[PDB]
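The analysis underlying the following values was restricted to heavy atoms, covering all of them including side chains, and did not include hydrogens, waters or symmetry mates. Chain identifiers are assigned alphabetically (A, B, ...) following the order of the sequence lines, protein sequences preceding nucleic acid strands; residue numbering begins at 1 within each chain.
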Amino acid sequence: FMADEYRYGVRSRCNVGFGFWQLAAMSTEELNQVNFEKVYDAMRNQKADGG
Amino acid sequence: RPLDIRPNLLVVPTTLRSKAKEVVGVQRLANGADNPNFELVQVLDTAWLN
């Protein structure tokens with residue numbers, strides 16, 4: 001018995017995503033806006049190809 | 001003769017939005033303290049500056 005399919009993954013855009021390497025949340029002061037929402041703010045702050 | 005000033009706007013970069021909203025936007029402070037500066041000034045966040 002067999003299965004067949006045509007597919008492959010894609011990269012949407014280089015500046016619409018982020019991944020960080022820490023998640024502690026101790027008292028919601030280690031990462032609240034230090035590394036968890038720091039990336040949120042980094043995404044908020046970006047420039048296109050026109051300055 | 002002093003001047004009547006009624007600050008109602010707070011403009012900050014996207015990097016200070018978290019702090020701006022936690023000053024104006026948080027209703028309780030600590031283990032319950034109200035917030036004397038809650039909704040005192042409305043905040044707008046912009047990406048043109050900084």
Engineer: Taking all non-hydrogen atoms of both residues into account, name the closest pair between B:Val43 and B:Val12 and its distance.
Structural biologist: CG1-CG2, 4.4 Å
Engineer: Grab the two heavy atoms, one from A:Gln33 and one from B:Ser18, that are nearest each other, plus how far apart they are.
Structural biologist: CG-CB, 3.8 Å
Engineer: Is there a path of hydrophobic side-chain contacts, each under 4.5 Å between heavy atoms, that joins A:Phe18 and A:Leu23?
Structural biologist: yes
Engineer: Do A:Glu29 and A:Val34 have side chains that approach each other closer than 4.5 Å (heavy atoms only, starting at C-beta)?
Structural biologist: no
Engineer: Just how far is it from atom CZ of B:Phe38 to atom CZ of B:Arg28, taken to the nearest 0.5 Å?
Structural biologist: 8.5 Å
Engineer: Answer whether the closest heavy-atom distance between the side chains of B:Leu10 and B:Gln42 falls below 4.5 Å.
Structural biologist: no
Engineer: Can you name the nearest heavy-atom pair linking A:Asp41 to B:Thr15, along with the distance?
Structural biologist: OD2-O, 4.3 Å
Engineer: First locate atom OH of A:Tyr40, then atom OG1 of B:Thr14, and finally report the distance between them rounded to the nearest 0.5 Å.
Structural biologist: 11.0 Å
Engineer: Does any non-hydrogen side-chain atom of B:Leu44 lie less than 4.5 Å from one of B:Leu9?
Structural biologist: yes
Engineer: Please find the pair of heavy atoms, one from A:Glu30 and one from A:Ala24, that lie closest to each other, and give the distance.
Structural biologist: CB-CB, 4.5 Å
Engineer: Verify the cluster assignment for A:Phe20 and A:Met43: are they in a single hydrophobic cluster under the rule of side-chain heavy atoms below 4.5 Å apart?
Structural biologist: yes
Engineer: Return yes when atom CD of B:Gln27 has more than 12 non-hydrogen atoms of other residues, nucleotides or ligands closer than 6.0 Å, and no otherwise.
Structural biologist: yes
Engineer: Starting at CH2 of A:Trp21, measure out to CG of A:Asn35 and round the result to the nearest 0.5 Å.
Structural biologist: 11.0 Å
Engineer: For residues B:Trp48 and B:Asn50, determine if any side-chain heavy atom of one lies less than 4.5 Å from a side-chain heavy atom of the other.
Structural biologist: no
Engineer: So which atom in B:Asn37 and which in B:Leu40 form the shortest heavy-atom distance, rounded to 0.1 Å?
Structural biologist: ND2-CD2, 3.8 Å
Engineer: Within the side chain of B:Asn35, is there an N or O that forms a donor-acceptor pair under 3.5 Å with the backbone of B:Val26?
Structural biologist: yes
Engineer: Could you measure the distance from the NZ atom of A:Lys47 to the CG atom of A:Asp49? Nearest 0.5 Å is fine.
Structural biologist: 12.5 Å
Engineer: If every non-hydrogen atom of A:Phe36 is compared with every non-hydrogen atom of A:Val39, which pair is closest and at what distance?
Structural biologist: O-CG2, 3.0 Å
Engineer: Salt-bridge test for A:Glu37 and B:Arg17: reply yes if a basic N is under 4.0 Å from a carboxylate O, no otherwise.
Structural biologist: yes
Engineer: Contact between A:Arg44 and B:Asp45 at the side-chain level, heavy atoms closer than 4.5 Å - yes or no?
Structural biologist: yes
Engineer: State yes or no: do B:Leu16 and B:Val41 share one hydrophobic cluster built from I, L, V, M, F, W and Y residues joined by side-chain heavy-atom distances below 4.5 Å, directly or via other members?
Structural biologist: yes
